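Worksheet for the structure shown next.
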Amino acid sequence: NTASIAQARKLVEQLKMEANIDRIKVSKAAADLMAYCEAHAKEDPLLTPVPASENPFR
Amino acid sequence: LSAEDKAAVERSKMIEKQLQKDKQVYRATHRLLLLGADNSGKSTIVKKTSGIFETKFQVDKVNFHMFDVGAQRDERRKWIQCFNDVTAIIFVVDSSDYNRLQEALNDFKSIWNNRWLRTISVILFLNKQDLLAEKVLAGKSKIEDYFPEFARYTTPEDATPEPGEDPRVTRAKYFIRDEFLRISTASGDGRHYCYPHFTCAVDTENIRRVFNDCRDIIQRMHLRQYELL
Amino acid sequence: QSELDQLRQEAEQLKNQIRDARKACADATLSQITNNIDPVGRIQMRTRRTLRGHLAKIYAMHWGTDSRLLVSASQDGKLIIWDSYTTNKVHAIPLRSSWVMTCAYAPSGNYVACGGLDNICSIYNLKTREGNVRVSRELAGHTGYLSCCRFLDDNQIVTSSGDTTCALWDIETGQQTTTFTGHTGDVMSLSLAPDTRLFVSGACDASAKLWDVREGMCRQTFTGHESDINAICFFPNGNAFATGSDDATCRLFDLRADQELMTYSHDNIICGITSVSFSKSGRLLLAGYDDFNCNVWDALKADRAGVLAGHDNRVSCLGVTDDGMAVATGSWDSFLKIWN
Amino acid sequence: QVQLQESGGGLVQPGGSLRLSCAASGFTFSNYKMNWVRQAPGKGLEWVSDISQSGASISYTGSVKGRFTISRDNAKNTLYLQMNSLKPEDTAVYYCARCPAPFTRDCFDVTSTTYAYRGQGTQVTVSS
Amino acid sequence: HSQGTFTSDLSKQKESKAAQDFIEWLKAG
Amino acid sequence: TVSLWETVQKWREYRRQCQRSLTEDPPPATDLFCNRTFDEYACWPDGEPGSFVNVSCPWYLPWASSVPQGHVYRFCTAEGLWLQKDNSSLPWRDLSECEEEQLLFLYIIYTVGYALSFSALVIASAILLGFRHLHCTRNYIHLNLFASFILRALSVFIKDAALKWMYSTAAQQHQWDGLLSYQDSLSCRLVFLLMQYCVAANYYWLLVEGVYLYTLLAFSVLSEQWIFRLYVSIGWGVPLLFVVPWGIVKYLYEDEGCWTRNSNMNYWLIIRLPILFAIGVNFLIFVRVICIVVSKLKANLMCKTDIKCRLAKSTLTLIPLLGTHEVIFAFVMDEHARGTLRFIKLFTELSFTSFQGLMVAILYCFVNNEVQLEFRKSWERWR
Ligand SMILES: *C(=O)CC[C@H](NC(=O)CCCCCCCCCCCCCCC)C(=O)O
């Protein structure tokens, strides 16, 4: 055996095992992303720079 | 002026003091990458089951660290970037095969033109000169069907090693040398160079040959900073 | 020989089925859905601290969990631990092989790992009784250079290598417990999930993958880039990851949508990304470059906002802290810089 | 995902002619170098011909020098290797290749294990 | 060293001229 | 080289002696000639009644010290009073028949050079220090070289600014015809010692520059932290070893003037010979560096007999850094008290040395590629 067919078999079963999985809509994914940002934007320092008082890297 | 932070600042000065005498060792050694063909790689005359191999040799009280890459996968466009600060790249070519010589020409060309290696000079060892001598003199295998240009190449003004060199063997010997030199001079900007050498399988005067070309490389680098050259 | 042709046809048709299923599952582009949303606005960043002491170029760096200390490995043969508040140096570990390509900081702060061209990984015990550091373990066993480490926790580390594999180790045992195969080119970097439950790995074949440390098996395989993937990281929610490749620039993928959402390009940008990390809120994607810069891409918009110019040679690593206060960028000029 | 489809192989008498057309998709085209690598049976695979981005830096392996011709159609996203005088020593799988990077003038693409941006292969056989 | 000699020569010129100014003024009371 | 002071003192004694002689013999012999009245120029105590009375030339005057002993026939009046010529108190004009713009031109020329050079060196040092990418041992030696040039410029300006202080001011001269001046202050003496030190420290920051360049091409590198300390000590400390002994010698055995005039050439050998040694060594280094450069240009194997253009450029860009223009006349010492030769020696040395700072500043801070890339980058990062 050249084992090329053996490798192709595991490759195609890898592909098949990846096909039968759940899908969602990219619009819903983008909506969820937008949400994460908006919800933690207040806390993100590089978006809203912290006052020097707290800034440990004064 | 704190009190507990004194210990930390004292600690950061012991480290600085230790890093300071490692700077003067790291700058007192030359790092050479030993590349080339799969064969002809001879880091034994210059004198834990994987990774990278390192051999240290000392010439004229100058320390050289030469790294023979081993146990790595075939593709090397990605780990080659680690060696952008080496002083020179040693490239060893197996002449006297005529078959994979073109596959060694292309390999050297890629080294020359890489974006992270444009400033690193290569030292070229046209290895296995003994086999080349026997191959042409025998005449069974003829170097015309791998490079058609050998039907018109004429030997240049050069130095045959010993009185007794057949004109043929000293012609093919220099022909291969010129093939690498065409590639080297194509990137005309003189920011790095190629030093050719006809090495043999075993040569005592081979560690020094590396020494002199690194000495030339460093001097040429200093003269550039002073715009003297 | 006919069976090989049959298998090739099967693979081609299954790939067609996969691409068609991914098609028509996308209604609107992230650009269109993110059209009313306002721009971040040009952000100005300045170097607050420049850490000096490394001799040769820097290949990797990693922030500590306290967002206070960080380790950085340089190819002079040393990796040293800083205190980014006071620029003081806490430790300076000399390595055995000078060719180190990656490093990581253990979450507990007790350990630091490193590895490089030499196919190995070394764990360093920081909090030691004698007070002098020492290598606690060498995780030998796989071929090919090692290009990223990321401690799962104390006594469990995952490694990516140039042998086109990834592995999960047991520090005290010293033996591979799981191995992840399927990549065809060198694996350049991997990022653990925020929940430390999966991870992603981009490789030198312009393709990424998702694994699971429980049982070694690839879950998804995202394509789209055209050349070697150089860096990758997780989005804070753990439901995405942005990978920047040599092809042109960077991209964002979503695991559940199983398709690239949107790219990050520009005509002037002509080299390739070298390192990527998100900001705390997943609103600022940062990215190194061969042009010595570090652009600051807003995640939701295809237009960059800021630039972190200041490095003399190329930028090789950058990472945002856990509190988001600071951003560090090592580079081939052998300096670290802490922007805020 | 990147693709490289090649076609044209077949049985030809010595001194005959063939045309090898390389169909590419899934990656920028003009920005890259392109190469021809063939694998003669019983030995490793070897580089043959190259052509730069614009299509102005042709270069050949000495063996096929003055015999084969290459051409790039950027608009068609195709590459060609015209074959003029065949020998029975060129009998080999052909492999349209691509450089790993764009806007760059070097390529480490001969590798014998898993280079990714490489064609699947066509067999050209010259005999009687 | 140039500036050393130049100055020495210059000083001698200024010194000699000053003595003249003393021989031309003493004459004029 | 008669001092004003010496002349002044000499005159004072002559006057005192004359006063004594007049008091001794004031009475006229015949009581029909000029009375014994001692003028400031001369005594003329004797008088010829209606005749000419030879009054010998004074016993103390630099002007006529070498002049012969001709007298001054005082044509006095037989009436016993002094005669009058053209309504003047005294005729007898036989009274004392007894007896350069090149320096100005050289002054203007080198003052201009030191000015244009000091300005450019201040700019160059600011540029070379500010960028922080250019910090390296090479540019540190350059920074000390620039500082030495700047000290030379300020030293020269100051040096000739005090030279006229105790000379040109008529105040000084009036105060020298009586009491003391600025010539006796120690402050003045030290202005000129400072000048000697600052010049000597300039030839030794050229020697250091050349030795550092030579040790990169020839010897293996050593600790860049210790070599720099040795170089700083050589550049700034070695000059003391022979400019302080010169000051001691001047204070002891030759203190006239404010140490401006090299009356004893031997004492001036002590702060010269070292300078000749430094420039000779630097010339040797220049020759060997140029032969290394031509060796590289030959062995390049790409030479197309145009190497003379590149080698000329290299020689001309290396001349100011090592100060090799100074050697063409360095061996024509001040035992060659010529005329045209002296002028030329001074002209070339002063002119080229003055602008040497300008040439060094340009060649090593304004057209340097590294510093040109510091700007291009700083300009790109400006937005
Ligand atoms: C002794 O007799 C007194 C000397 C006095 N003066 C002179 O001899 C004339 C000297 C020449 C004039 C000064 C030249 C100044 C050059 C200014 C350069 C400035 C350039 C600045 C650009 C940045 C005398 O009357 O004899």
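Sequence order for the protein chains is A, B, C, D, E and F. With our numbering, you'll find the first sequence wraps up at 551, consecutive numbering, no jumps. With our numbering, you'll find the second sequence wraps up at 230, consecutive numbering, no jumps. With our numbering, you'll find the third sequence wraps up at 356, consecutive numbering, no jumps. With our numbering, you'll find the fourth sequence wraps up at 764, consecutive numbering, no jumps. With our numbering, you'll find the fifth sequence wraps up at 98, consecutive numbering, no jumps. With our numbering, you'll find the sixth sequence wraps up at 623, consecutive numbering, no jumps. Every residue gets a Cβ at the ideal spot worked out from N, C-alpha and C, and that includes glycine.
Supposed close pair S44(B), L35(B) - CB separation, criterion 8 Å: 6 Å
Interface flag, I286(C) vs chain D, CB-CB below 8 Å: yes
Ligand 1 heavy atom lying under 7 Å from the CB of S666(D): no
What does DSSP give as the partner residues of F250(C) in its beta bridges? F257(C)
Could you run through the region 661-674 of chain D and flag, in chain order, every residue whose CB is less than 8 Å away from some CB of chain C? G662, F663, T664
Distance check for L391(F) and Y350(F), CA to CA, integer angstroms please. 15 Å
Could you tell me whether the Cβ of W251(F) comes closer than 8 Å to any Cβ of chain E? yes
Closer than 7 Å to a non-hydrogen atom of ligand 1 - does that hold for the CB of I219(B)? no
Extract the residue ranges of the beta strand (DSSP E) inside the region 364-400 of chain F, only unbroken runs of 3 or more that lie entirely within it. none
Taking 7 Å as the cut-off, is the beta-carbon of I348(F) closer than that to any non-hydrogen atom of ligand 1? yes
Chain H residues whose Cβ lies nearer than 7 Å to that of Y281(F): Looking for chain H here will not work: the only protein chains present are A, B, C, D, E and F.
Beta-ladder partner(s) of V203(C), from DSSP: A219(C)
I'd like the list of long-range same chain contacts for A37(C), defined as Cβ closer than 7 Å, with 5 residues on each side in sequence excluded. none
Which of the three DSSP states, helix, strand or coil, is assigned to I91(B)? strand
Report buried or exposed for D39(B), applying the criterion of at least 16 other Cβ atoms within 10 angstroms of its Cβ. exposed
Ligand 1 and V352(F): does the residue's C-beta get closer than 7 Å to at least one heavy atom of that ligand? yes
Extent of the continuous alpha helix (DSSP H) run through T74(E): 72-92
Classification of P210(C) by the beta-carbon crowding that lies within 10 angstroms, buried from 16 upward: exposed
At what residues does the beta strand (DSSP E) containing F68(B) begin and finish? 63-70
If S657(D) and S643(D) are in contact, beta carbons under 8 Å, what's the gap, nearest whole angstrom? 6 Å
When you compare only the Cα positions, how much space is there between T290(C) and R469(F)? 40 Å
Tell me the residue span of the beta strand (DSSP E) that contains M670(D). 670-675
Using a beta-carbon distance cut-off of less than 7 Å, what residues from the region 188-211 of chain C approach chain D? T200, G201
The region 317-329 of chain C contacting the region 340-356 of chain C, beta-carbon criterion three pairs below 8 Å: yes
Whose CA, out of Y147(B), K136(B), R178(B), lies closest to the CA of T156(B)? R178(B)
Restricting to Cα atoms, I'd like to know which of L558(F), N608(F), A601(F), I584(F) is closest to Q342(F). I584(F)
Beta-carbon neighbours of residue 1(B), restricted to chain F and to distances below 7 Å: Coverage of chain B is limited to positions 2 through 230, which leaves residue 1(B) absent and any answer about it impossible.
Sufficient close CB pairs (3 or more, under 8 Å) joining the region 269-286 of chain C to the region 31-48 of chain C: yes
Just mark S427(F) as buried or exposed, buried being the case when its beta carbon has 16 or more other beta carbons within 10 Å. exposed
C333(C) bridges to which residues according to DSSP? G346(C)
Taking Cβ to Cβ, would you say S77(E) is nearer than 8 Å to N502(F)? yes
What are the residues that DSSP puts in a beta bridge with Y716(D)? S657(D), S707(D)
Just to confirm the assignment, what range does the beta strand (DSSP E) spanning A303(C) have? 300-304
Would the C-beta of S185(B) count as close to ligand 1, meaning under 7 Å from any of its heavy atoms? no
Does the beta-carbon of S163(C), which I'm using as the reference point, lie nearer than 7 Å to any heavy atom of ligand 1? no
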